[PDB]
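Comments concern the structure below.
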Amino acid sequence: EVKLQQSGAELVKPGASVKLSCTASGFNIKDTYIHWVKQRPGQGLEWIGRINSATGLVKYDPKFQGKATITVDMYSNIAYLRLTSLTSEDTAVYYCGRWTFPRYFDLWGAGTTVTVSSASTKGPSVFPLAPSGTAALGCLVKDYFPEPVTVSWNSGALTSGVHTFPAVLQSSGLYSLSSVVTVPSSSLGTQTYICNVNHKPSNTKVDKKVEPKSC
Amino acid sequence: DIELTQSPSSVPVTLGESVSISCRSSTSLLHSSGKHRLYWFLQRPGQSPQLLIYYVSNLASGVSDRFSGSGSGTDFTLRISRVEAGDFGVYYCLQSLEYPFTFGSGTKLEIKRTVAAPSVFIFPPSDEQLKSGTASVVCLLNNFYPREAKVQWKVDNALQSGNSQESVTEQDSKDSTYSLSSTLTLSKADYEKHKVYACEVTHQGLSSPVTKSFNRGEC
Ligand SMILES: N[C@@H](Cc1cc(=O)oc2cc(O)ccc12)C(=O)O
């Protein structure tokens with residue numbers, strides 16, 4: 001029932017600023033310290049700083065002084081991280097997490113992906129991977145920028161046997177991935193299979209039915 | 001700043017066996033309270049960090065007692081007994097003795113399991129894509145071990161090259177296997193020109209290479 005909900009993925013220009021939110025529900029944020037952690041793609045966790053939500057006072061890693069500002073709105077139950085003079089070194093996932101004397105680091109947001117780029121967003125094209133014991137089917141999620149995309153199957157009813165691949169870059173500078181699932185061959189005439197593909201930077205949401213091929 | 005060293009960067013461990021990993025600090029983490037100010041986190045793939053251990057030895061609420069810790073002064077150890085597929089990820093230590101709080105560089109846990117051959121599937125391009133002028137052919141290698149595999153594309157028996165890329169999953173959270181996707185991209189014209197599309201898979205689990213192929217038009 002206690003939860004931290006982080007703001008959506010952001011594509012932001014070099015030199016610009018962005019402000020990320022971290023919303024508490026099921027508890028009063030003023031009773032917690034809020035920590036911010038950075039993770040550049042494929043790298044380790046980096047502590048940015050932490051705010052005492054009851055007093056507004058912050059400790060920072062000095063590596064980020066003059067770029068990072070943590071704040072809290074006690075009334076609205078929201079903590080924030082503001083980053084200025086953005087460069088490609090600021091492309092990363094930013095996590096918020098609470099600390100209390102009784103429960104320590106017991107609760108984190110799901111992270112917000114920030115991409116610093118001169119380039120415009122591109123939304124994905126979604127194509128079916130139609131099925132041929134066990135059958136495989138999927139969706140090809142082609143030509144998007146930046147990360148991330150989300151894929152679910154049958155609005156999240158179908159989790160077993162799903163593999164959503166890591167994105168790969170094409171020579172175009174755009175990402176592509178596939179999501180596949182293995183299902184009983186006997187379900188192909190009975191059970192409908194829909195991939196749900198979301199891409200927040202492009203304001204894209206698509207549902208693609210994947211059904212047996214042709215003739 | 002206090003520096004936390006995690007060595008080595010990656011350790012392999014067999015499903016069901018125990019393993020120990022190391023965090024060493026540049027200075028004592030002993031607080032005047034008599035607590036050592038060190039925490040352990042697990043970050044599973046695509047997930048937020050998850051607290052395992054507080055103050056060296058204390059199991060966090062809701063965590064399996066397969067996880068334990070020990071040490072003092074500057075050298076700390078996390079222990080995982082009877083390693084499960086779900087333990088795959090990166091383990092990070094954190095110190096809270098002095099600001100700024102600092103993380104270790106993290107130790108990736110690699111899970112060793114038995115050799116497993118891939119299931120191989122080939123997908124033609126969708127009619128919906130073909131209308132756009134591009135054709136993507138997909139080859140899936142499902143649930144194999146170890147990670148090394150070779151995919152060759154052939155069109156009418158002509159060995160392709162330059163016109164494909166692939167992606168590999170991290171180790172599966174249930175069975176510790178890999179899966180791999182290879183995409184061949186051609187132009188509607190090329191694809192309409194040729195008949196037989198084949199994906200040839202070489203892997204150490206297979207006694208010889210497996211080919212999946214289709215003939216365009218023949219459903
Ligand atoms: N007086 C402490 C309270 C505290 C705040 C916090 O955010 O994280 C912690 C972690 C600890 O292991 C111990 C104390 C804290 C302080 O400001 O450092």
Side-chain angles (χ1 to χ4, degrees), chain A residues 2-4 6 20-24 27-39 45-65 68-74 77-81 94-109 111, chain B residues 1-4 6 23-43 48-63 67-78 91-104:
Chain A
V2 296
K3 176 180 194 190
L4 293 168
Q6 292 187 251
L20 315 181
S21 67
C22 175
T23 299
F27 71 97
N28 292 336
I29 204 164
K30 69 172 202 179
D31 305 323
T32 76
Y33 294 76
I34 299 291
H35 291 248
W36 286 96
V37 168
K38 172 172 180 181
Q39 180 168 47
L45 302 174
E46 296 181 63
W47 191 84
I48 301 172
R50 73 102 185 100
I51 185 158
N52 184 341
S53 308
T55 66
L57 299 183
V58 193
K59 296 288 186 179
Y60 292 104
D61 189 320
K63 290 181 288 279
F64 295 91
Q65 267 151 202
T69 305
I70 297 157
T71 56
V72 65
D73 183 336
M74 309 185 54
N77 231 26
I78 308 169
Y80 300 100
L81 175 66
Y94 296 83
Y95 296 101
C96 72
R98 80 183 188 167
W99 192 100
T100 63
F101 291 105
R103 288 181 181 79
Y104 307 93
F105 297 106
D106 71 330
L107 188 66
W108 298 85
Chain B
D1 303 2
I2 301 174
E3 298 313 312
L4 302 183
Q6 295 189 251
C23 180
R24 46 184 189 79
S25 53
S26 56
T27 194
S28 174
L29 304 180
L30 177 56
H31 185 259
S32 62
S33 73
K35 264 72 179 202
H36 290 90
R37 293 296 196 76
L38 186 90
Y39 298 85
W40 291 98
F41 294 90
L42 162 58
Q43 190 176 33
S48 59
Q50 169 185 40
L51 184 59
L52 307 173
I53 301 286
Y54 67 93
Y55 298 162
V56 169
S57 49
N58 305 275
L59 188 54
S61 182
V63 176
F67 292 97
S68 71
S70 57
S72 39
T74 67
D75 290 70
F76 306 94
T77 307
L78 180 74
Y91 291 84
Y92 292 93
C93 51
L94 172 75
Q95 72 77 27
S96 61
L97 185 66
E98 283 179 0
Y99 284 108
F101 295 180
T102 53
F103 289 96

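As the structure lists them, so they are numbered: ligands from 1, and atoms in each ligand from 1. Convention: sequence-line order gives letters A, B, ...; per-chain numbering from 1.
- Each of B:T74, B:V56, B:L38 was scored for a side chain to side chain contact (heavy atoms under 4.5 Å, CB included) with B:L29, with one residue passing: B:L38.
- With contacts defined as side-chain heavy-atom distances shorter than 4.5 Å, the pair B:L52/B:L78 qualifies.
- If you look at A:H35 next to ligand 1, the close heavy atoms, those under 4.0 Å, all belong to the side chain.
- In terms of protein heavy-atom proximity, atom 6 (C) of ligand 1 is nearest to A:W99 CE3, 3.6 Å.
- The protein atom (non-hydrogen) at minimum distance from atom 17 (O) of ligand 1 is A:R50 NH2, 3.0 Å.
- No part of B:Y54 comes within 4.0 Å of ligand 1, judged by heavy-atom distances.
- A:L81 contributes atom CG, which lies 9.0 Å from atom CZ of A:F64 (distance to the nearest 0.5 angstrom).
- In this structure, of A:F105, B:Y39, A:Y33, B:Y55, the residue bringing a heavy atom nearest to atom 13 (C) of ligand 1 is B:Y55.
- Side-chain atoms of A:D73 never come within 3.5 Å of backbone atoms of A:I78 as a donor-acceptor pair (strictly under, hydrogens ignored).
- Every residue two or more places apart in sequence or in another chain that forms a ring-ring contact (aromatic ring centres under 6.0 Å, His included) with B:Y39 is listed here: A:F105, B:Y55.
- Looking only at heavy atoms of the protein, atom 2 (C) of ligand 1 is closest to B:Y99 OH, 4.6 Å.
- Counting heavy atoms under 4.0 Å from ligand 1, residue A:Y104 does not touch it at all.
- Taking 4.5 Å as the limit, some side-chain heavy atom of A:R98 sits within range of a side-chain heavy atom of A:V2.
- Distances below 4.0 Å separate heavy atoms of A:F101 from the following atoms of ligand 1: 3 (C).
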